[PDB]
Structure formats: C-alpha cells, structure tokens
Ligand SMILES: *Cc1c(COP(=O)(O)O)cnc(C)c1O
Ligand SMILES: *Cc1c(COP(=O)(O)O)cnc(C)c1O
Ligand SMILES: [Cl-]
Ligand SMILES: [Cl-]
C-alpha cells in the first residue's frame, strides 16, 4: 500500500503521527460521553444519552482535568483551554461546548463552512505556518474540507459553475508537479489548457524569472502550484515570491492563484503565496503530512475577505448573474452578496443541501486539536523532532553513497532525489559518472532496488533528459529500509566501477 | 404482626420494598450532611453544622455524582436531576436545594401544604398512575399527609368543620370495603348515615347500574369508595366510571366523591374517578403499598383547582360563613378566598398552627424520590416485577387447588379469594362442590389453615351468604407459605372427598 500510493497518487504517507492531540481527542470524547449521560433522564435503559449542556461546563471540565492529571491527553486538553481563553481571548465555555458537542457528532455542522471557534483557532495556526502574519486574522476565512483532495475537487467545480474558469482558459502549472494535478484541468469536464511553469535544476528547482513571466499572458486565468514543491521538495525563494507579487501588481491584478502548501511546515521559515498575494490567492492547506493524519481527511480552503474572486463575480456578464441568481436563490435573498468562499460550500453538496454540508464535527474538533498542538509548542519541538527524524533517515540512505546532497535554505527534503551521476561522481570521480549514466537508466535503477529491497521508488524526472535518478520519501520508511536502498545502489555502482576498470 | 394487621386494619403489609429510591435518599442525606458542614464556621467543635447554601450547589452535586458512580443510589440521584431539569423543565438548583434542605429537616415545611417542587414532581406521578392525563398538571394541587390514614381523618374533620357534611347526611360506600372505612362515618363525632353501594359477585365484583343509581338520592352528599377495591381487589370498569360520570353530570353535579386509589398501580391501565370527575372528586393516594412504604406514612390529597367543594363553600348559609370568617381570621384577610384544599391543611393542626403544619420535609423528599423512581421507569420494569411476583405467589397458592381463578381485565389480585366451592368444583366436579360447602364453613376453613400453617386468613365475604371462602394477600408472604396454605386446603378437600365416597 505504501509502494502503491507513490505510483498511483504521488504520496507520501508518513510512518510517524502526532500522538498527543490524538490522545487529547479520545480523552475529550470520554468527557463528552459523560456530558451526554448527564442529560439522560430515564431509568433501566442502556446506551442512550442526551445533549451536552453548556451550563456549568467549565467547572465539570476543570474537575475532569484535575482527576486525570496523569493522562497525557488530559493535560493537553487543560492547556488548550488556557491557550484559547488566555492567549486567543475566546469564550472558554463556548469553546468547551463546541468541542464537546463537536466530538459527539450529534449536531449538523453550523455554520456549514466551519464551526465558529474552530475557524478562529485553525486560522491562527494557518496564518503562522504560512508566514501570513501581516494579514489581520479577522480577514482570513476558512472552509473545512475532506483533505486537499476535496479542496481541489470543490474549487475547480465552483470555478466552472460560477464562470471564473471557462473551457479553453489557460491554467499555468508550476512543474514538476505530481500526477493528479496534471489530469484535473485536462478533464473534458473542464477542458482547460495547461501552460508549464518549469522549475530549473540549475537553480536548484526554483522557477526562473523567464518561466514566471509566462503568467503575463492574459489567456492564463490561474496559477496553480504546489509550494513547497512535490516531487522536487523545495520552497519558492524570496526572488520568486517577489516576481509573482510584481507580476500580479504590475500586469495581472486579475490573475487567480491556487496554492497547495501541505509541505510548508517541513521548510525553514516558510512563506506562502497567500501571505504575498492574499487578495489573489486561494490557499489549500492539508493537515495530512505534518501530523501523520492522511486517514483523517483534514484540510482547509483559505481566502482573504477582500479578494479578486468576489470582484470577478461582480463583473460577470448579466446572463451568468441571472443563472447564478436562480442557482443560489434558496440560500439568501441577495445572491450577489454571496461570497465565493461560501459558494464553495454550497457547490460542494448541490446547493439545496447547503445546511447539511460541511466537514464532520469530530473531524473539525480533531483539526482544532492538531492546530492547538502546534500553536502551543512555542519552541517548535514537534517540528524539530520530525526534521531530525527526516535528516537521520537521509544520512542513513546516503551512508554508502556518501553523503547526502547539499541542502540550501529553500530545502524541504520530505523527498530526496537520488541522482546516479551525482552519487557515482561523489564515489568515483567525474569521468566515471559520465560513463555510468550512459550504461544504466532510471528503469534499471528502479527495478534493481525493487528486486533487492522490495521497495519501488519514483523516477526522479524531469521533464528533462532521462538523467538516471530515483525519488524516495524520507517520511514513509524505517532506517534499515533506507540502509537497504543505499546498499543496493552502492553495489550497483561498485559493479559498474568493476566494469569500468578491469 | 402480619396476621394481626389483617384482622385489625384490613391490611395488607407487603414483604417487598422499593430499594433504589431508598438508597438514593440515604445517599442524598450524606451529600446534604456535607452541605451543612460547609456552612459551619467554628473550630474545635463536633456534631454541629449550618444551613446548606443554594450557591454553587449544582457543581458540588455534580462532583458528588461523579465520585460515586459505583453507588446505585447516587446514579439514581444523577438521573433524577436530569428528569426534573430536562423533562419537567424545573429549576435544577432550586430542586437540589429543596431536596438537600428537605432531607436535613432543618426548616418548617413551606408552604405547609406541600414543598413547591415536590408538589410539581409528585403530581406528575399521580396524574400518570391515576390515568388523569387529560387534566392539565397545573390544575391539580396536592396536600402531603401521613398516609391515607391521615388523609381520611383530615377530610372528614374539615367536611364537618366547614359544613359540607352534616349530622344525618347520607354517605354512599362502595362495598365490600375494609372495616376502618365503615366506622368513621358511624362515629357520633360525625353521625353520618351509610348507604351501601353493593358490588355484584355475578359481575365479578363490579357495581351494578342499579346500585350506582342509588347516588341519585339527594340526601347522599358523598360517594366514598376504595378503587381498586379492598377486599375484592378489582378496578371499576369502563361502564361503571361512565355511569358515575353521567349521574354527576345529569343528576348530581353537587355529589362529592372521595376515592381511595392506593391499589391503582396493581391494575392494568388504571383510571381513577378523579380522572373522570375531577371537579367533584377528592383523591386520596397512598404510597404505602406500591413502594412497600407502610412505615413511611406517605400520602397525598389531590384536588382540581376548580371544584365543587369550593363552590359549596361559597353557597353556605350566612351564619356558617360568619363562623368560618372567625375560624380562619388569622390566616388571610379574605377567608372566603381560602380554598378547601388549604382548609384541610389549616384544620389538620388547629388553624393557629397552620404555619408549622404539613408533612415532614424528609418524608416529602422520600415521596418525591419514590415518584421519580416510577416516572423515570418508562418500560414500567418495577411494576412488572411486582406483578410477576404476585402472579408467582398466586400460582404457588393454587398449585394443588388448581389452578388460580380466571382473571379479567379489571383484575388486581393483590388479594385473592379462595372459594371452597370453586376449588372443590375444579378438583372433584360440580356435584361434590355443592355438598362440600354444606359440610364446612368459613370458620372451619380459616381455623384449619391457622392450625396447620400458623397463617390466619380473612373471611372471604360478603356480605352474601356465608359462602365458605378465605382471602389471602399475595403481597405479605413467601412462596413456601402460600404452598403450605394450598396443601392444608387440599388435604381438607381430599378428606371431604373420602367422606364423600367410601
Ligand atoms: C499529500 C499531498 C496533499 C495532501 O492530500 P490530502 O487529500 O490533504 O491528504 C496535497 N497536495 C499534494 C501535492 C500532496 O503531495
Ligand atoms: C393499605 C390501604 C391504604 C393505605 O394506608 P396508609 O395509611 O396510606 O398506609 C389506604 N386505603 C386502603 C383501603 C388500604 O387497604
Ligand atoms: Cl491520554
Ligand atoms: Cl447506594
């Protein structure tokens, strides 16, 4: 399943996971279960509870924390309350009841877009990790969704439905990008045309100015990028972000930006395009990778309250405004005041079902607890732990290839590129590396590792020339498995060197 | 004492008792004791507490419930709060403080008639078990008293004092009734005249229309009945209740009804005369039999807020109104607005002591807890348990007499009639049963059982012919004792059959 996921979906699945916010969730659940039972009125039954009451919830919660000081999840829950009440200044009783009611999953999400306090908490996390601090928190709204996967499906459908993207429109795509994102515009369902914004291996996988300038073409309605990138696993540098900023400000104030920033926390000092061009950007952030929460399906779509999506909607042709008046008629009297972010919500479940739309309340609670976990960790201990783990696995991989590729300030390294030439160069000089590349390819490299270790790697391209290389995730295997990849690739190189000399 | 009670008082005393509401009471007491100690200010003393404080009582109570989840009485107390707050919509803090203050018995009952929340709770129980659901709860008021025993004493005295019953007035009494109720009107203290409303054995102890029509006599001021009956142990059927209803509506809107419905819960789908004619009826309900609480002395008098007792009081001759103005002068400025139900309270302790009158607060608390116990038991598990117990004891009794009398929909069976003829008929045919009755009587039947088993039974009459029969309570003995009664009565029948044949 780990090997099959990389081939099919270009992921990625970590073998680590955040335990403390998970324990806090299950412990909160036991508290909420007791809260439900406090509202059950009848004798001689079993298995039926009532709704949790907001009245006196703080005092009951405080007792629960005091009696269970020995439980890690409970201590976390205790500090979470302080963080929300004391640092965020939010209503403590309202926070607790939203969490209790939320984890019970006994009420339809209200509002459907996101639960009130969860939105306020999660956006603090999002703003911080995206480097978007210069934007007032109150100007950022979130739509809680079933991972980045759901976000992308919802966004393209709403773009189509609301006439923001039309058949024949050009979508610029920062490349190399993983397979799934190439196909969605290529669907006849959308019939969009791709323009490649190509990263340069000579610039260490940054986008050249010349490539970024392609965005000046007014036929290009949207810039779509994974940042930090996947496969290449680098973050857009200061120059690149500035270039986009100037292009938007100077030439294309109408350019929509769709940015997928799931790997952000794995970079040093990450800054999102959302931070740089908030009015022009829809941010997709997934909790999957950082918290080891792929199965939880936790994501948000973020939008600035003043954005070009709502501006474009006000500039639509009359026939389209009339069609949308009909579409959203049941939702509100004035459809023209219905914002794009809330249209995403309505479009996600056929409009008529808007009031039972949204991410499940226990999922939002869990998302909120992951968010708190990271926010309360001021010295970034969890982040550093994961980074040290990733570096250890890297050292182990390149042990006999030695050693790892040199990493700059823009490095992410969730993924690593094992380049045959660079490896054979490090081992046996420049002359040998030129020859070794002409002998074997990516196929012979990936098939050998697979046969020796049972691990299949991603080809390392490209698009390029088929420079013989493979990509491994530093997130999904254990040390001896990275050591076995290195050993198999070292024997392959050693046998090439014995076929070099003689 | 069990045998002596049936002979003297026509009871009845169960050998079962409701344990859960009793455990809840004692557990509540320990909580209240701690509440009292929280208000004690001084050092180096022992055995002195203060008054329980309403402030923060919910939170303290909730902690008490959480720490003692393993205690049956405490779990019941926890669910009681939910029932009162959530299902009845009453003030939870006020409920708790009434219960805490109540069980401490540290304040005179206020108001004297009944404690406020206890009245609201207990009437829900009363209305449900009496089948009086069609009457709005707010239109039913209760006077908490020391069992049905105190109720009857109080009611007759107030009837006399307030001129509603006068010497020479006729009291109709549904018969057979147990001894105590025959004597109270016969007292020179009241000098009332009895009219027998006779139940018909041919109608399975229902009152014939012809007997019920006796109520048309305007000299009959009150209909007094035990329903379900005692001794006969049947409930008034649909026809009988309708007959009384029409008689009251058509001929006697002035007829007072006094109904004693202690056995109600032992019938299937019981409906009280209070439900049928609320404006005309004073309901006496005792908790003694159903909860096995004879020693607790727990009863209520129930009255509709719009009733013929207050109507009659407004129609009294001027000399009587003047006398009552003097009597109740200290109570309120306008004595003519003092309702009959509150007159019962004032008459119970000599008027001048009205403000220290009423049932003890711990008794009312216990009554409230019995009421909750039954209200919260939606599937009527306790009721069914008692009924199955009663049926088992019946099967055991008639095992060798076999088998029990056929029971119709109006059957109660707390008591059972052991008819010699019917028993000997079931065993040895109709011819033998006619002869066996002419040989032995009720005396020879009751004296034989007494000598063989040590149990004395009630004669089974009548008034009738002395058809040789005995009444046993199915509530007061254990299985082997019922088996010994059956065996003694079977040998008596077998020796009669050996004196038949030869
Ligand atoms: C793993 C990954 C995601 C996260 O997907 P979810 O559906 O949120 O689990 C998003 N984008 C890219 C490019 C990824 O590699
Ligand atoms: C047992 C019984 C009662 C109950 O008497 P308390 O004084 O309430 O215990 C009332 N009426 C009748 C006919 C009974 O047999
Ligand atoms: Cl835990
Ligand atoms: Cl107990």
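Just so it is clear, none of the values below were taken in a lab; they were calculated from the coordinates. Here the Cβ positions follow ideal geometry from the backbone for every residue, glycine too, while neighbour counts run over all protein chains shown.
Here are the numbers:
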{"read-out": "Relative contact order of segment A:388-502, defined on C-alpha pairs under 8 angstrom at six or more residues apart (%)", "value": "34"}
{"read-out": "Fewest-first ranking of B:344, B:386, using other Cβ atoms within 10 Å as the exposure measure", "value": "B:386, B:344"}
{"read-out": "Ellipsoid equivalent to segment B:133-178 - semi-axes via the Cα gyration tensor, in Å", "value": "23, 16, 14"}
{"read-out": "Percent of Cα-Cα distances greater than 16 Å, calculated over segment A:374-455", "value": "65"}
{"read-out": "Inter-copy label distances at residue A:219 (7 Å, Cα→Cβ; nm, one decimal)", "value": "11.7"}
{"read-out": "Estimated inter-spin distance, residue A:250 and residue B:352, nm [label 7 Å along Cα→Cβ]", "value": "10.7"}
{"read-out": "Point-to-point label distance, residue A:497-residue B:63, nm (Cα→Cβ direction, 7 Å offset)", "value": "7.3"}
{"read-out": "Radius, Kirkwood style, for chain A when every pair of distinct Cα atoms is counted (Å)", "value": "24.7"}
{"read-out": "Per-residue Cβ neighbour rank within 10 angstrom, fewest leading, A:221, A:438", "value": "A:438, A:221"}
{"read-out": "Residue closest to axis [chain B; rotation mapping onto A; Cβ; Å]", "value": "B:59, 3"}
{"read-out": "Under the Debye formula (equal points on every Cα, no solvent term), log10 I(q)/I(0) of segment B:17-108 at q = 0.10, 0.11, 0.25, 0.26 Å⁻¹", "value": "-0.26, -0.32, -1.37, -1.43"}
{"read-out": "Relative contact order for segment B:17-108, counting Cα pairs under 8 Å that sit 6 or more residues apart, in percent", "value": "37"}
{"read-out": "Cα centroid separation, segment B:361-384 to segment A:100-117 (Å)", "value": "37"}
{"read-out": "Per-copy distances of the residue B:448 label point, shortest first, in nm (7 angstrom along Cα→Cβ)", "value": "11.1"}
{"read-out": "Alpha-carbon centroid distance for the pair segment B:404-481 / segment A:184-255, whole angstrom", "value": "102"}
{"read-out": "On Cα atoms only, tilt of B:361-376 relative to the major axis of chain B in degrees", "value": "70"}
{"read-out": "Footprinting exposure proxy for B:195, B:423 (fewest neighbouring C-beta atoms within 10 Å first)", "value": "B:195, B:423"}
{"read-out": "Segment B:388-502: translational diffusion in µm²/s, Stokes-Einstein, Kirkwood Rh over Cα pairs, 25 °C, 0.890 mPa s", "value": "173"}
{"read-out": "Relative contact order of chain A, defined on C-alpha pairs under 8 angstrom at six or more residues apart (%)", "value": "18"}
{"read-out": "Percentage of interatomic Cα-Cα distances in segment B:337-402 larger than 20 Å", "value": "61"}
{"read-out": "Acute angle (nearest 10 degrees) that the helix B:147-161 long axis makes with the longest principal axis of chain B, alpha-carbon atoms", "value": "80"}
{"read-out": "Pairwise label distance in nanometres, residue A:9 with residue B:38, each label 7 Å out on the Cα-Cβ vector", "value": "5.3"}
{"read-out": "Nearest-ten-degree value, helix A:318-327 long axis tilted from longest Cα axis of chain A", "value": "60"}
{"read-out": "Globularity ratio of segment B:272-339, using Cα Rg and 2.2 N^0.38 Å", "value": "1.48"}
{"read-out": "Label geometry 7 Å along the beta-carbon vector: residue B:34 inter-copy distances in nm", "value": "1.4"}
{"read-out": "Rg [Å, one decimal], Dmax [Å, integer] - the protein assembly as shown, C-alpha atoms", "value": "43.5, 141"}
{"read-out": "Modelled FRET efficiency - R0 35 Å, residue B:444 with residue B:204, Cβ distances, 0.05 increments", "value": "0.85"}
